[PDB]
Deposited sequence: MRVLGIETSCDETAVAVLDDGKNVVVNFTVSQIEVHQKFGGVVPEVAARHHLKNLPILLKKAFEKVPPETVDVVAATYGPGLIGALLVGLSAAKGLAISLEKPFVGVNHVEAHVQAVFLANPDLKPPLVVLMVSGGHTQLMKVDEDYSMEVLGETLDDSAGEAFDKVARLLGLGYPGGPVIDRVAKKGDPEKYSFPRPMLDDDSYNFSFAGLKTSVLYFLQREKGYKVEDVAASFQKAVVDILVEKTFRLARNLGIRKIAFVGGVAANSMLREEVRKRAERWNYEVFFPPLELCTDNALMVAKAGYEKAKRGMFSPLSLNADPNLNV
């Protein structure tokens, strides 16, 4: 069952063809049409995608495609309406079905890929820049937003508190890197909405707390501030994921997103799982968990269950689970 999957949600404009959601037949991505061709520009979907269909149908014969998948949310109306509007019209001219991918649904999925034999009663925390969130994944694979930031992503907190500290890009790597030298129990920074009946986060609390210190104070070590603040983010995260994995009753726990990558998260999460006896999960090494392979897979499993979308389907840029 060849799914032809199309990406117009991320900044790499991607087209992929994936037999049976496993064996990948061709992967073309504009990103890899620059040093393998060393114009066609960053994320100019409507200009790029055409060339990638050109590149795809030169190799894959047109017939063979069985489903056309393509993300419809979340992303930007303009971006989404190019992969989606284009995939709809493939469907028409292939006389094949089309599947709208919910991206954050698909994101959550590849967890079930990073271990084939991983059983699906499970709680995901998604800590990106765009997204901060706790979810249920029911044994049937039914998800719900239970926890959601009300202001800022953990990703955004990290990137700006980095900026405030005269540290480089990217936000987190730099703060992770340089807190290694510091004292995370050095400044008693606030942990907004902890010890609560809510499963929700706020972070703009922190960004300001740090900024107010940086202004008022002086003589301070940068590491020490960087360590102090990373712990206050990790305390609020690590508490909620495990307060809720208990409160409902789950032992296997998934960590998706960029903030995922944090050495002090992975170390603190680990001394909780190694001590209540819980199975703890992370994504792959070269995190590009965002190709067209993603949405091909997504749309395979969808079509597998004859869950197709109609040619009326509009983009939803605010789409969640």
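- Going by the record, the unmodelled stretch of the deposited sequence is 39-44, and nothing else is missing.
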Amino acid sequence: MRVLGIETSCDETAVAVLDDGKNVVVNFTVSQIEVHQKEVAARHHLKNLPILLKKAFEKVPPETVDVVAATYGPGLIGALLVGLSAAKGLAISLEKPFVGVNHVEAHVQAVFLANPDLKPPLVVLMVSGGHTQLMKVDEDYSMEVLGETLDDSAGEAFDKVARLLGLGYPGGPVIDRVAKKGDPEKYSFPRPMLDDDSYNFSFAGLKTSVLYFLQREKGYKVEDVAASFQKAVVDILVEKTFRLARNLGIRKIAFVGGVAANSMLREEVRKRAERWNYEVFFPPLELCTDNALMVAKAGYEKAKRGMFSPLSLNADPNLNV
From here on, numbers count along this sequence of modelled residues.
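- Taking the PDB entry as given, 185-193 carries the higher mean Cα B factor of the two stretches 89-97 and 185-193.
- Look at the C-alpha B-factors of 273-281 and of 54-62. On average they run higher in 273-281.
- Residues shown: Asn262, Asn48, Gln37, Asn27. Highest C-alpha temperature factor in the entry: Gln37.
- Per the deposited record, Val145 carries the highest C-alpha B-factor of all listed residues (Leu167, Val82, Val145, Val222).
- Ranked by C-alpha B-factor against the other modelled residues of its chain, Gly171 falls in the lowest third.
- In this PDB entry, the Cα temperature factor of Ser153 sits in the bottom third of its chain's modelled residues, the lowest group.
- Per the deposited record, the Cα B-factor of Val68 falls in the lowest third when ranked against the other modelled residues of its chain.
- Among the modelled residues of its chain, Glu105 has a C-alpha B-factor that falls in the middle third according to the deposited record.
- In the deposited entry, the Cα temperature factor of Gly78 places it in the lowest third of its chain's modelled residues.
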